[PDB]
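Chains as they are written, first to last, in the authors' numbering: chain J, 1 to 440; chain A, 1 to 440; chain E, 1 to 440; chain L, 1 to 440.
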């Protein structure tokens, strides 16, 4: 699996990515000099929690193309964008490690959090590594980084074994937190990378991310190891924490630079919890958006308040008996049959348990669509499009092209188990239907 | 409400009809010299039984146009034909009285019982009134009828009072079985009729309907009053009974010619019972044919015996709890899900009461049609054709052109209340589906 | 009139055929080196006997295309098959002369007598002309045929006069049995043929038809002239008679090879008598098929038996007075006017003499078709199609697409001499009409 | 070289395969956690024997895609099917190792041996690994496998070294039967695999293949190592041998689980011997089938016995004088010329020496195809297709689409040295020709 992110001479630049699972998309950007496969500890964890894990190898690393051009964060972010736009991700979370954290900041700063719901910085580079007079919070002077680049150019293969010695703190964690074989694999991964990328990448570590930080508006996470030798905790995460206090801050005690493997236990717990708070966030903003659309077709009165209250109760978690709600819904005066169907369709979607309750009769006759063959032909054509949809805004906006009668029929088409769409898509079809009714 | 059935000079021949209620269409053809409103005793009864009552006034009578041409049963039938075809009636019932019985027989003979489901002859003219040497069963000679026409031509208004005196047997029924006011209304109606029709109609009473009777194939009813003075019981219905032994025969004791009002109690009871028995009769020949098709997809064994037994039980009237049957159906081993869906679809169709039982889940998932958009697009095209169909053989044969996957999806399309077709049509779709399975 | 039976380079192989008359199809395959027009003595005779004469010119002869390839009986049969299948003939008779006899045998052997009802061999080639050690009954050795081929190649135009001298036995028959002018026409026909075919054909005369003969199962006829010089009576027909004893054997005394003209008297008599046994049989199956259709609209009773009896009487030849039948028909109680019309139409069709009886009034009023312009518009549309129809099954099947009212009107459309269709077609229209009535 | 076998999130599931050499296709399915390249010892050997070696990497292993879904033998077989059908293999042999044996069994069981000629099971999983009460022949209880899965999830890279220690029995074979470097490479291959596949695969080892075994109809081979630690000889192969006694049974003494490298010497000898004998076996099954097809157009009698005997004599090795056979063949009564041609074509094909005998005259005139240009045009089109064919079934089935006349002509087209096709193809043309004649 590859994704063209550029062109070089006769050739085009491809980045080996990887997309698994189904649910909230979580993009994992690796660090130097590994590849997307280094996330395997997190990948397994995130997948078992029902997330959608998306990983890719940075240019000149892993199975990605190995160009001799474009090794700067403006390009690195531009690459990430192409990946995101190609996969058409929405409400996604960006998790970065080492160099990866730089990609996150630069992308957010330049392209904006349109597709992004939350971000995470593991072993951050931010805000500035280079130590200067105007930036005394810098970790190391220019000479340090120049020394690294020269060392790599000398013998990159020999450099790796020495490099990994401070990457995992092998004098402490080898044999205990990281096996001998595990390190051997990382070396091969480092060797598989491009020779040019290996020497070019170090120059990018001291990038000034200070201008990028203020652009971070989505909920963030800052995790870091105290025993990080490559990136000193005080010169990196703690000064980053000052520039971003709203971000959830986590310091793993005695963790080396490569905490993704050595301290996978702690990192996973913190990462999963952060995503959990974010997953509930993106779920709730959707439910309320559905609510406001549904209420927009109900005449102002004492009934509208109750319906809104009963929606809020199920949205929160105060699970009312689905049978009771439906019983209540059907026996409501001054309520359009079409409106009862829409509500019933929403309640079945939101209530966690179906409780073996068969499909309600008053809903079927409400969303039947006048029994007109033409309405159903339009509904089926729309259903085909809604099948390949995964996003709310995507499903909602393509549904607005169909007549209110076709939308009503397509809604019951899904209600009657004759059609299958993701919950987000279904909500989109509902909001699109309510939008048509609010016009007349 | 009128219906053009011909043209006369500058004018067009229109017939005042009347269509009320919803259900099985029952066409009521009146006699001389009244109009469709004379059925009001029966109209209410039929309407209270959930039928669709359709009555019209014969040309030159009631509110219909009064032409001076076309007073023969070949024309009278042509008029009835236009009415039936204009209203596009199917599985309709023809009920005739006096002159009306002639219209029924002639229509059946000439146009065929394509739209007709059953017929009824109240105070029949059949088979032949004219008394000749070759027809000794005739009521009266030529001279008699010629006398009536002359009597009408002299003073038609005075003729009526005398006519109605033997029409209701007023020397017996006035004040008791028929009020003074009721007779006065009959007189007004007689006067409202066309002057030409009043004199022309009597010559049509002695029409030879002997050739028409053998064409009556649909279930028939022969009711008649013993005290019928206008049409003697022996010269009309009893000799008609011999010419049509298969017809249900009813003799009302001491009922006049106009038993429709005087003996409305008995006439309604007999008519309603006859329509009930005819509806049940054609329903049972349908259900058993459906049964053999359903059994044709069930592997021969003790289970096939159980299913056949449960089908015969519901068809008869041994109403099993629909909830119990469905519960039994789902929990059956060695039975294809598609077969369970077909069976469940049949049981819901045949069981008289739905008992507030919501549409079973296991059937919906069986008739979903794999959730494939292509299956539903074909299903909708088929459903469109099945909507304009009303007959079993008609619906079944046009369904065999679609794939087994499309037919299954179209079945669930109806099961989920998303489509509406007559029960006969639905059975055709079931039988057509079973026929596809019986091939493999 | 042509029929594509093959292809040769840029050009196509077409055979000039000819189809006349109506009735039992009789295919006449000519001999060397004439054409289909040589049958003119038999054609006229067969036409006067009510047969359907179909003749065609073999490739490279007459008006057919003149290819330089495919001059063998495997190809000759393939040609005949294409002709037969193109015309879709059923219950047809194959009559061959000279070379023609070979086409018949080969077709029957290879393709089977599916469409064939009977066969006839005039001046047969069978079973084998080539005289060898294994076939001592052969007419002539190999050298003989090769000499002919060379003679034709030398001067085919001069060869013909010599050929025709032994073809008609001019030393006996010139001036008496065949005129000078008659021979002159035959020469032109020989000259009009293809130069290549003239030389190619002789090599096919010594074809081994011994393997073909046993495949003949249909009734056969073997006619031959005793004075046949080209094909010696003993080396051809008499040995053929042994190989096929079931076949009817006829020896014309003192007849030359071309007995078709010289002894047309005898040949016609023998051929017509043989065909007569076959013609009546397939003719009777048609009338009985019509009968059963007519009886299908008559109510079961003593009347149905009488009508069936009177139909059988006229079909046989017990010509009842048409006036008497019509008189009986009209004066029948319990018989629909439409039924009377159909019957009256059949009796007029089958009875040999019209007896100056003008078109019955009661029939016209029965087949008027209610006088509806719409029924007549449909009737005319059907008549247009029935004009180009020739077969019973063909006319019958295209009539079933029209309404029963249209069929009745179209029937009267023909009865009133306003339309003309062949008797077989008319019967198809009747059966199609009776079939519609049997449905209701 | 890849082959799409499924689709996942925005990515496609591709499997890196490998097809080399020319001849009988031999599919090699690898085991856990290696790749197709592990067959390199067998691959070279099979290639030296003139076989067509086809190897592919299972999903999540080697260079194939690494999905997180579809890790079951129903999917594994579905994957294998796509590979086979894409390459359109005919008469192929399936060889499985470790996990690979399961794919073979499941494919044969579900999809059938249509394309398969023979199968081989090296280090089998069959019939059942899971040790339960109903299956006491199980190798290990459930807890064992769960322990492996947990071990892999902990540190899969470290897991491999321990795994490979029992995979090759390194305490015995290291330095002797397997070098240090060879093992190091295997570890690298294991590391290259998917992290998810590594943990998912063990759960598939205890799959119940008992239902699959009876479906094995093609000749089978069961090889296994006695010193197999991963798969105990008694719990796997010996009980498998009981469930499939017809299979050739081979036990390599003192061989570990990875006998493909350690005991490549023995494995190669056994596999090559197995493959050589089975093609020859089916060839005798083919020749007798060819014989019976030739006999299928020969009339039952004393001559049919002689022909069958003379065919058996040449097939065996009793070389009869080719001239004598041809002499006997031509001088046979009651034998169709076409039949003589087919036989003559077979005798020239099967007899080892041509003995300078020129192409028989009686055969050429028998397979000429009536000299019809149309027959030759079809023959050339068929000959073009038969040239690119190498297999019997491949050549035979595409020939059945052409007419019997074209097949006869195409046969003579090859007989006259105007065409060249492999012996298997020519036989395919013969069987296809005889099949058409047997119908008539």
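Heads up, the beta-carbon is just placed ideally off N, CA and C, and yes, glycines get one too.
Shorter than 7 Å from the beta carbon of residue 440 of chain E to some beta carbon of chain A? By one-based count along the third chain, residue 440 of chain E stands at place 440. Closer than 7 Å: yes.
Take residue 17 of chain A as the anchor and find which of A/30, A/261, A/391 and A/168 has the nearest alpha-carbon. Residue 17 of chain A sits at position 17 when you count from the first residue of the second chain. Comparing Cα-Cα distances from residue 17 of chain A to each of A/30, A/261, A/391 and A/168, the minimum goes to A/30.
Would residue 1 of chain E pass as an interface residue toward chain A - the criterion being a Cβ-Cβ separation below 7 Å? Counted from its first residue, the third chain places residue 1 of chain E at position 1. Chain A contact via Cβ: absent.
Outcome for residue 416 of chain A when other beta-carbon atoms lying within 10 angstroms are tallied against a minimum of 16: The sequence position of residue 416 of chain A within the second chain is 416, counting from 1. It is buried - the Cβ of residue 416 of chain A has at least 16 other Cβ atoms within 10 Å.
Can you tell me which of the three DSSP states residue 240 of chain L falls into? Counting from one through the fourth chain, the residue named residue 240 of chain L turns up at place 240. Correct three-state label for residue 240 of chain L: helix.
Whose C-beta lies closer than 6 Å to the C-beta of residue 341 of chain A among residues of the same chain, with five residues either side of it excluded? Taking the first residue of the second chain as 1, we reach residue 341 of chain A at position 341. Once the five neighbours on either side are set aside, the close Cβ partners of residue 341 of chain A are 363, 366 and 367.
Which parts of the segment 325-382 of chain L are runs of the alpha helix (DSSP H), unbroken and 4 residues or longer, counting only runs that do not cross its ends? 337-350 and 361-364
Neighbour-count burial assignment, residue 150 of chain L, 16 or more Cβ in a 10 Å radius: Translated into the one-based positions of the fourth chain, residue 150 of chain L becomes position 150. Label assigned to residue 150 of chain L: exposed.
Cβ-based neighbour list, residue 242 of chain J, same chain, cut-off 6 Å, excluding 5 preceding and 5 following: Within the first chain, residue 242 of chain J is the residue found at index 242, counting from 1. The answer is none, since no qualifying residue turns up.
Express the C-alpha separation of residue 295 of chain E and residue 260 of chain A in angstroms, rounding to a whole number. Position 260 of the second chain, counted from the start, is the residue given in the question as residue 260 of chain A. Position 295 of the third chain, counted from the start, is the residue given in the question as residue 295 of chain E. Going by the C-alpha atoms only, they are around 40 Å apart.
Inside the segment 115-146 of chain A only - alpha helix (DSSP H) runs reaching at least 4 residues: none
Starting from residue 157 of chain L, find everything on chain J with Cβ-Cβ shorter than 7 Å and list it in chain order. Within the fourth chain, the letter at position 157 stands for residue 157 of chain L. Simply 179, 181, 182 and 185.
Considering only the alpha carbon of each residue, which of L/14, L/7, L/10 and L/245 lies closest to residue 1 of chain L? Taking the fourth chain and counting its residues from 1, the one referred to as residue 1 of chain L is at position 1. Per the Cα distances, L/14.
Report the three-state DSSP secondary structure of residue 313 of chain A (helix, strand or coil). For this step, residue 313 of chain A is matched to residue 313 along the second chain. Helix, per DSSP.
Should residue 103 of chain L be labelled buried (16 or more other beta-carbon atoms within 10 Å of its own) or exposed? Your numbering for residue 103 of chain L matches position 103 in the fourth chain. Result: buried.
Taking contact to mean 3 or more Cβ pairs, one atom from each stretch, closer than 8 Å, check whether the segment 315-328 of chain J and the segment 339-353 of chain J are in contact. yes
Would you mind reading off the limits of the beta strand (DSSP E) that contains residue 18 of chain E? Your numbering for residue 18 of chain E matches position 18 in the third chain. For residue 18 of chain E, the enclosing beta strand (DSSP E) starts and ends at 11-19.
I'd like the list of long-range same chain contacts for residue 413 of chain L, defined as Cβ closer than 7 Å, with 5 residues on each side in sequence excluded. Numbered from 1 along the fourth chain, position 413 holds the residue referred to as residue 413 of chain L. Within the same chain, residue 413 of chain L has close Cβ partners 379, 383 and 419.
Could you tell me which chain J residues have their CB closer than 8 Å to the CB of residue 383 of chain A, listed as they occur along the chain? The residue labelled residue 383 of chain A in the question sits at position 383 within the second chain. Neighbours of residue 383 of chain A on chain J, chain order: 373 and 376.
Between the segment 99-110 of chain A and chain E, which residues of the former have a C-beta closer than 7 Å to a C-beta of the latter? 109
Quick one: Cα of residue 319 of chain A to Cα of residue 313 of chain A, how far? In the second chain, counting from the first residue as 1, residue 319 of chain A sits at position 319. In the second chain, counting from the first residue as 1, residue 313 of chain A sits at position 313. Approximately 7 Å, taken between the alpha carbons.
Between the Cα of residue 374 of chain E and those of E/317, E/359, E/390 and E/402, spot the shortest distance and give me the residue it belongs to. Counted from its first residue, the third chain places residue 374 of chain E at position 374. Here the closest residue by C-alpha is E/402.
Taking the C-alpha atoms as reference points, what is the distance between residue 223 of chain J and residue 32 of chain J? Looking up residue 223 of chain J in the first chain gives position 223. Looking up residue 32 of chain J in the first chain gives position 32. Between residue 223 of chain J and residue 32 of chain J, the C-alpha separation is close to 17 Å.
Along chain E, in chain order, which residues have C-beta atoms closer than 8 Å to that of residue 370 of chain L? The sequence position of residue 370 of chain L within the fourth chain is 370, counting from 1. Near residue 370 of chain L (Cβ distances below 8 Å), the residues of chain E are 72, 74 and 75.
Candidates E/78, E/372, E/400 and E/322: closest to residue 356 of chain E by CA position: For this step, residue 356 of chain E is matched to residue 356 along the third chain. It is E/322 whose Cα lies nearest to the Cα of residue 356 of chain E.
Can you look up residue 214 of chain J in the DSSP assignment and give me helix, strand or coil? Numbered from 1 along the first chain, position 214 holds the residue referred to as residue 214 of chain J. The three-state reading of DSSP puts residue 214 of chain J in helix, counting H, G and I together.
What residue range does the beta strand (DSSP E) around residue 224 of chain A cover? Here residue 224 of chain A refers to the residue found at position 224 when the second chain is read from its first residue. Per DSSP, residue 224 of chain A belongs to the beta strand (DSSP E) from 220-225.
When Cβ atoms are compared, which residues of the segment 393-427 of chain J fall closer than 9 Å to chain A? 409, 412, 413, 415, 416, 417, 418, 419 and 420
Below 7 Å between beta carbons is the criterion; list the residues of the segment 314-338 of chain A that meet it against any residue of chain J, in chain order. none
With a 10 Å radius around its C-beta and 16 neighbouring C-beta atoms as the bar for buried, classify residue 157 of chain A as buried or exposed. Against the second chain, residue 157 of chain A aligns to sequence position 157. Residue 157 of chain A is classed as exposed because its beta carbon has fewer than 16 other beta carbons within 10 Å across all chains shown.
Note down, in chain order, each residue of its chain lying with its Cβ closer than 7 Å to the Cβ of residue 138 of chain E, except the 5 sequence neighbours on either side. As a position in the third chain, residue 138 of chain E is number 138, starting the count at 1. If the five residues before and after residue 138 of chain E are omitted, its C-beta is found closer than 7 Å to the C-beta atoms of 128, 129, 130, 131, 132 and 235, all from its own chain and listed in chain order.
Distance, residue 405 of chain L Cα to residue 250 of chain E Cα: Counted from its first residue, the third chain places residue 250 of chain E at position 250. Counted from its first residue, the fourth chain places residue 405 of chain L at position 405. So the alpha carbons of these two residues sit roughly 38 Å apart.
Would residue 239 of chain A count as contacting chain J if we go by Cβ distances under 7 Å? The residue given as residue 239 of chain A occupies position 239 in the second chain. Taking CB atoms only, residue 239 of chain A has no neighbour in chain J less than 7 Å away.
Within 7 Å of any Cβ in chain A, is that where the Cβ of residue 299 of chain E sits? One-based indexing of the third chain puts residue 299 of chain E at position 299. True, the Cβ-Cβ gap to chain A drops below 7 Å.
Can you say whether residue 285 of chain J is buried or exposed, counting buried as having 16 or more other CB atoms within 10 angstroms of its CB? For the purposes of this step, residue 285 of chain J is taken as the residue at position 285 of the first chain. So residue 285 of chain J ends up on the exposed side.
Burial state of residue 184 of chain E, where buried means 16 or more other Cβ atoms lie within 10 Å: By one-based count along the third chain, residue 184 of chain E stands at place 184. Result: exposed.
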